[PDB]
Amino acid sequence: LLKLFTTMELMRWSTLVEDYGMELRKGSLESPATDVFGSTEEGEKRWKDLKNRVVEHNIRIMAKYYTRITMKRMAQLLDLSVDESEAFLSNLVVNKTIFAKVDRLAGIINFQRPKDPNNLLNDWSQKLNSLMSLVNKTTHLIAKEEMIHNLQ
Amino acid sequence: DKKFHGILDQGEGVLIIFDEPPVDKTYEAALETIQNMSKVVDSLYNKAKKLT
Amino acid sequence: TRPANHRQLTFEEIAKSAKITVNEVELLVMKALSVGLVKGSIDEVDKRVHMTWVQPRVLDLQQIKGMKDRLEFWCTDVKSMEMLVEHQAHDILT
Amino acid sequence: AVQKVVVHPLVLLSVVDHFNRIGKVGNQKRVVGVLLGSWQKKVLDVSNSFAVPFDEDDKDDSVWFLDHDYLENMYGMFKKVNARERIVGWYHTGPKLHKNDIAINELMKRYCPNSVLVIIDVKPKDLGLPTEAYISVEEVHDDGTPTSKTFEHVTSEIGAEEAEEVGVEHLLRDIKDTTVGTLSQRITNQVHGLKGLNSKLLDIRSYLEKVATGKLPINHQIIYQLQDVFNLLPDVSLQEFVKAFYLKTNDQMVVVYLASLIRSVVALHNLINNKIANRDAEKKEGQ
Amino acid sequence: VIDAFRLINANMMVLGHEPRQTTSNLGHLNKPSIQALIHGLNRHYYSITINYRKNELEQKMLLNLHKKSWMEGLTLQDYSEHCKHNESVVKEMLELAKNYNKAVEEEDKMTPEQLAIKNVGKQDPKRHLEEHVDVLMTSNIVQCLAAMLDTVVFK
């Protein structure tokens, strides 16, 4: 479970519950299951919070990997309906945890902030600097290999 | 009242919201400097033509 | 295999290439990005996978020769602008 | 590891001087000496050096004599003279690395746990610095080949103390040109940078020629680096980078225009003052 | 500042002799300094002229000092920082333009002290405006040229 929550990839809450739910919220008589999600009001609250954390992880992954996405798919991947998914995304945006502009008419969500000329040219110049550094490194490798394979 | 940057499309009945770019301060300062240096050039008229 | 300019991959193309469906190419691409073999982003509205970098791959002798020709073109451009700058600024240039 | 190294004019002069000494004494084609400096935070400032008697053959790549007894005597004595200048590495005036360099680096490492070699090419150059700095490091190959000690480059540049700068400026009083202007010097730097980029590209092109023809075996790390570079090359016709470039070009040209207008007004003011003074002087002379 | 010396003999300087022979006109070093003259020059010791050896080979490395790598030659300044610098500098230019208008007004008005005692302790709008235009124009022209050369060479 820790591996799944620390992996930089999606995870469906349905399969999460199926694989893990039976042995975290209950079960595991051989190895007692903790009370973090026990069948009590506070355990229900913690389970809902775990669902919220799963949705937040999915939204973060989609934000970092996607230039653009549709709500009909975001809700499907979040295991929520369109309304709950967009409400959760709106809550995140208002809290400023994740940036995302939602074009409701076209049913689209884009996680890319508006292009700034400063940002674009800064990225271009950083690419150029990395390119110059890489050609310096590669020519040093050229020199090393020539030293090893030139004298004899 | 400029409390948010957006435009209300009546026909469809939607609300478009614009991430309005900030106002460039460099051009503001350049225009104000042009005005002040115009005042300077007027003073230069006053000095030169009266003396020159 | 695709060049450095038209390196935009469509869901249909990737599905045909990998014998998967457009509903799983998306997860496949995210898995690729996560494992770090490729760098880029996904626009699912247009179903296009924008790519900007792939893991360095072994090259054959012909591929090395083609890379050499590209390097020659780059060197010619660099020399051309070196000459242009020098000639145009010859007076001030020290 | 040392990412940055600063060599000094005294070190360069002493290396040239040692090369001349050995050339006069005999004919070796290369001279090796010991290099003393400080350890500013992750920056190796090499402040001084002294020659040591070093010799080698030209065929075996293993027959070489270096006098570490002389080395330690001279180092202790230079420590008596000045204390802060500790052993920081060695230098050899070869146009390029040598096979023996790893063994000699081990011999130096017996003294300095983190020794940095600096090849100070005494032969005058045109498109690069005279010092090439390397640091030995174990290369854990990903293809399972046995790990071997190899030389790793570290960014080297020439820097001067206050007194070193004073002395070198006195020496170059009549050669160095200072009435150039900041803009002219920066344009010269740009053209020099283009020349250096062309030189690096030509080196890579020659290596690719050699590999393609067959003189050099395929080096997979080098090929990976090359294709990474070629992929990193940007596209300047994206119709968005062009718009950003034009927007910033105009945002800079507006400032250039404002400054040019201000300069023109200032020049007119200076002309007015000069003509006023001229008329006043002429009228007073006529009085 | 460096000087070579050798000592005059008390014996000769008491027995009336000049302990130097003037075959040449090379005794015009610098009109020796008052410090040396009062500290014992021309009485107990004499100054020997000093020259230097130029090889044109060490001078190449001494010139290689201050040299910048092509990385620095071709690097573009951070565009955000460049824009902020231009904005700021233009702001000081605006203020200095106000002050320049003020100064040019009350410049020909009176020039009893305008010659030397009208700028000491007070800012010079013309001088600072010249400095600002020089620096900003240098920066902008250099960055424009760098950007253009980069756009072409790194294509």
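The residue numbers of chain D are those assigned by Swiss-Prot, with the residues present covering 5-291 sequentially.
Backbone N, Cα and C atoms are what each Cβ position is placed from, and that goes for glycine too.
When you go through D:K63, D:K199, D:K214 in Swiss-Prot, the residue listed as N6-acetyllysine is D:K214. Taking D:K46, D:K129, D:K204 one by one, Swiss-Prot attaches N6-acetyllysine to D:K204.
The highest number of surrounding Cβ atoms within 10 Å, among the recorded positions D:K180, D:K204, is found at D:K204.
Long-range Cβ proximity for D:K214 (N6-acetyllysine), meaning a same-chain Cβ under 8 A and a gap of 6 or more residues, is found for D:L220. Here the domain 'MPN' (D:9-144) has, by DSSP, the following mix of helix, strand and coil residues: 40 helix, 45 strand, 51 coil.
Comparing D:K204 (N6-acetyllysine) with D:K180 (ubiquitin cross-link), their Cα atoms are 27 Å apart once rounded.
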